[PDB]
Amino acid sequence: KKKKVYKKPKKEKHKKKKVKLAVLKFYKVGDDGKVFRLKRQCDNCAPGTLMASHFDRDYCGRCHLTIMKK
Amino acid sequence: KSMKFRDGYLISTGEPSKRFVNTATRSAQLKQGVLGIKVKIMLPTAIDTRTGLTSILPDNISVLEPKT
RNA sequence: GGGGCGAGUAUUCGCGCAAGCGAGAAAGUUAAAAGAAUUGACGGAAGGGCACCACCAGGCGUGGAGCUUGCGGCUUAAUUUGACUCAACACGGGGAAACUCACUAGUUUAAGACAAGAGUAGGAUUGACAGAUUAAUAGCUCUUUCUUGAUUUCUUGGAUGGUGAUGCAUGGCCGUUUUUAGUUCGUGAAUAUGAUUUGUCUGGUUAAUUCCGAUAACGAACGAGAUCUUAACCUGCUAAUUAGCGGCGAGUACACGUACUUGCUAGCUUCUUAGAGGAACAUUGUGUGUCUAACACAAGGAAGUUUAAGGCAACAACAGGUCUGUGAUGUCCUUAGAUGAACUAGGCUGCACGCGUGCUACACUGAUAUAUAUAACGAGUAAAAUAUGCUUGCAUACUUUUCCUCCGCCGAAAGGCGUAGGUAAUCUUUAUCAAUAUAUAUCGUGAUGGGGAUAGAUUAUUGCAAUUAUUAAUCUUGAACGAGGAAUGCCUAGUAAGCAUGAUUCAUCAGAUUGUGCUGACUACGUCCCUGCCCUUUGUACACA
Ligand SMILES: [Mg+2]
Ligand SMILES: [Mg+2]
Ligand SMILES: [Mg+2]
Ligand SMILES: [Mg+2]
Ligand SMILES: [Mg+2]
Ligand SMILES: [Mg+2]
Ligand SMILES: [Mg+2]
Ligand SMILES: [Mg+2]
Ligand SMILES: [Mg+2]
Ligand SMILES: [Mg+2]
Ligand SMILES: [Mg+2]
Ligand SMILES: [Mg+2]
Ligand SMILES: [Mg+2]
Ligand SMILES: [Mg+2]
Ligand SMILES: [Mg+2]
Ligand SMILES: [Mg+2]
Ligand SMILES: [Mg+2]
Ligand SMILES: [Mg+2]
Ligand SMILES: [Mg+2]
Ligand SMILES: [Mg+2]
Ligand SMILES: [Mg+2]
Ligand SMILES: [Mg+2]
């Protein structure tokens, strides 16, 4: 019936922070000691589905398989 | 408003008025509203019966002429 | 004499004791005042008629008490909203725990067509474990950092949805006047202006402008009637299943055929079912009436108030109700912090009080307990649920189950467990699925063994969820009420009243509607006194009447 009362500003939406060419941080190759994986690879996903190197665990963004670091 | 246009002979009550009359309703969307259309036709003394046979009218008592 | 007010007013003169009389303006303001007819509406005017939503003679009540339910008012964060004489108030099929939902407090979502510009494969955008954070297992948001692949995202237009406003912008449908008995047309006549009359009527008669008849009218049409559905009669016709009866055997007991059980299956239609026909015309006798139209009584007959009950419903209207039934709709609002669509909790039910519809009673023509006998209309079968491999989840038969449920067992009871039949004249279940009734005993005029409100405790079932107590079961508690003031409702025969039951809603809940049957009265066979509606004459300065 009345117009609203807005005392608190809006809840903000979720943006996704952007990294340019993040894949070049996943593999690096020297002259000797050829290509070396820097993150690690999954277990039930087709090869090349890498997983996050978190503070204390590894997380697969596609199947959500969690392995605890220890 | 309403406008009526008639011609001839028409019946309203009873069981004959449901047999010998044909009725429809339609509407037309004009720019400024809706109009209703309503048509009613009495058939030329032509109606089969519930025990199907060509009937005539429940209101008539013609008396035949003697043979001479 | 020269539109209406101002006004026979102001000033002046003549006459009069006075009251007053006789001559008599202007400024300003106004679109009509005024005459006579016609149709309607109204009347505390005169006549005539109809009707248990009027009365008379009566029945039963309601209004008074407890409680169930709808409406005002108060209260609240919110107690969502339409309708207010008949013709709003158990109405919106409106019995809301969630949903419904329209209201209150919060939080998500895009399920934002299409066009143009931007942004971008060196990535437009999508999703999410763990910790925090949230009622929340909404990655809602944050930290952290993987996944995804052009589906989306940002800007301006433009659409779409809305139980948002307007029923006084409309369609359709419904209610009411009115279930009354009304409404119109051709030609002729009144005209010798007109609105408009007559036909359509003094009288008798009918449920009825239904008929007879009188007549400046003669004829026609709608409405009434006819028609349609159900009920009542038929030992006559046509039929025999998923209906009956009968016929033939074997028994169990009695009396010298009767009752019941059972296997089988000449013929028949009384009982059951359902198709076609018939039957009432006021027939006959007696009376009243113009001896017309009709009415009353008796006999016969299943039936003689058109035999009973319903459905249909003319011309003309209402600013009657509904946009909260609708992918019926015009206009106005709103459209990403939505008035769209959802998810969580709350409210619609809140209680000094006023009003309508009802349920239960105030006892002995009863209450309690046993026993006997006895109805009619009905209904019924994409999801979740029961069973191997795996760590509360997955893959599995849509092979069982979901509606009415006989029967057996368990339990004081409510109910639980196991198993039939049935998509139905076949089973539930109906040669019977109820309660008023009837019989016998106890109580004994004592707010009493009448009444059963209000409270305490425990137990089951529906459901994801029962707290403000869904419903049901047991024991305990035991209020007002002793026939209802002024007022006022319905009703004429298988009717009133009393008594129970099937369906609608329905996961669960009827003190409500809508049908059905059972027991079955008193009083009238009229009238215009009150109320309402209609017609004639009459008056009118009314016409939104
Ligand atoms: Mg009729
Ligand atoms: Mg003048
Ligand atoms: Mg006048
Ligand atoms: Mg009355
Ligand atoms: Mg009386
Ligand atoms: Mg009573
Ligand atoms: Mg009362
Ligand atoms: Mg009510
Ligand atoms: Mg209310
Ligand atoms: Mg309820
Ligand atoms: Mg709508
Ligand atoms: Mg209206
Ligand atoms: Mg309308
Ligand atoms: Mg006339
Ligand atoms: Mg028979
Ligand atoms: Mg609508
Ligand atoms: Mg809700
Ligand atoms: Mg309510
Ligand atoms: Mg007592
Ligand atoms: Mg008692
Ligand atoms: Mg109801
Ligand atoms: Mg009277």
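Quick notes
- Taking only Cα atoms of the range B:27-68, radius of gyration then Dmax in Å: 20.8, 69
- Taking chymotrypsin sites (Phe, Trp or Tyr not before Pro) across chain B, the ones in a DSSP loop with at most 12 further Cβ atoms lying within 10 angstrom of their Cβ are B:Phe5, B:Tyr9.
- Put in order of Cβ neighbour count within 10 Å, fewest first, the listed residues A:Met68, A:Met51, B:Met42 become A:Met68, B:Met42, A:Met51.
- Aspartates and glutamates whose Cα lies under 15 Å from that of A:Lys34, excluding same-chain neighbours fewer than 8 positions away: none
- With contacts taken as Cα pairs under 8 Å at a separation of at least 6 residues, chain A carries a relative contact order of 14 percent.
- As a ratio to 2.2 N^0.38 Å, the alpha-carbon radius of gyration computed for the protein assembly as shown takes the value 3.11.
- Think of it this way: in chain A, A:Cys60, A:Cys63 stand alone, with no other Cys Cβ under 4.7 Å.
- Among the listed pairs A:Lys25/A:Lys70; A:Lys13/A:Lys39; B:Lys18/B:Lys38; B:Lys4/B:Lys40; A:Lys16/A:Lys69; A:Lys39/A:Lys69, those beyond 20 Å (Cα-Cα): A:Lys25/A:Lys70; A:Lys13/A:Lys39; A:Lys16/A:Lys69
Quick note: the coordinates plus some simple rules give every number you see, no bench work behind them. Because the Cβ atoms are built from the backbone with ideal geometry, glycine has one as well, and the counts that use them run over all protein chains shown.
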